[PDB]
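The chain contents come next:
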Amino acid sequence: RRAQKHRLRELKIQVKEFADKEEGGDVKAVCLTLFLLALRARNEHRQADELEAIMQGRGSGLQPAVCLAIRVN
DNA sequence: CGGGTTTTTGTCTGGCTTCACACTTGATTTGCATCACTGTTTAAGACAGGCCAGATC
């Protein structure tokens, strides 16, 4: 952890200054879409969409009507 | 060869943070057992008498 901190502090300062100046310090959504598109580049739409969900926040499970629909159909 | 340059760690004392967590008590959920009910014979194959029928002395 400390290892990768050292390894990447240069990119850290780079991206933080550039994103803070560009969009007004909203590094959250900037880096969000950054990693989204970067991971989609290698055709990981599965992981990209589940990460879109995890950040969006929604429906980890199902509600009883849907489970009933499944075991009936 | 043993000595020296990387990655990797310890490391600072502050203020920050999210969140587990104390301590009841009943209203829920969830796990795991029970429960009552269903199918409605043979089919090949070995051995033994027993009866009869045809052979034989």
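What counts, and where the lines are drawn
Residues numbered from 1 in each chain as written, not as in the entry; some residues may be left out. Chains lettered and ligands numbered in written order. Part of a larger assembly, values for the part shown. Heavy atoms only, no water. Near = heavy atom within 4 Å. Polar contact = N/O pair within 3.5 Å; in protein donor to acceptor, adjacent residues only side chain to side chain. Nonpolar A, V, L, I, M, F, W, Y, C, P; charged D, E, K, R; others polar. Helix = DSSP H or I, 4+ residues; strand = E, 2+ residues; numbered from the N terminus. Buried < 20%, exposed > 50% of the residue type's maximum accessible area, 1.4 Å probe, protein only. Axes fitted to C-alpha atoms, helices over the stretch in contact; angles between N-to-C directions. Parallel < 35°, antiparallel > 145°, perpendicular 65-115°, else oblique. Left-handed = near helix turned anticlockwise from the far one by under 90°. Contact = heavy atoms within 4.5 Å.

A. Highlighting the protein's contact with DNA strand B. Taken together, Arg 2, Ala 3, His 6 and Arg 7 make up all the residues around DNA strand B. Counting only atoms of DNA strand B within 4 Å of the protein, the fraction found in sugar and phosphate groups is 33%. The separation between a base oxygen of DNA strand B and a polar side-chain atom of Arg 2 is 3.1 Å. Here the surface near DNA strand B is composed, by residue class, of 1 nonpolar, 1 polar and 2 charged.

B. Up close: unusual backbone geometry. One non-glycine residue, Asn 43, lies in the positive phi region at around 55°. In this fold, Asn 43 is placed in the loop between α2 (27-41) and α3 (45-56). Residue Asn 43 is classed as exposed on the basis of its relative accessible area of 59%.

C. Here's a closer look at the packing of α2 against α3. Interaxial distance between α2 and α3 falls to 8 Å at its minimum, and their mutual angle equals 160°. Classified by the angle between their axes, α2 and α3 sit roughly antiparallel to one another. When you trace α2 past α3, the crossing you get is left-handed. Facing α2, whose interface residues are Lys 28, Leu 32, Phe 35, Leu 36, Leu 39 and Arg 40, α3 presents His 45, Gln 47, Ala 48, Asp 49, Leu 51, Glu 52 and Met 55. Considering only residue class, the contact of α2 with α3 consists of 7 nonpolar, 2 polar and 4 charged.

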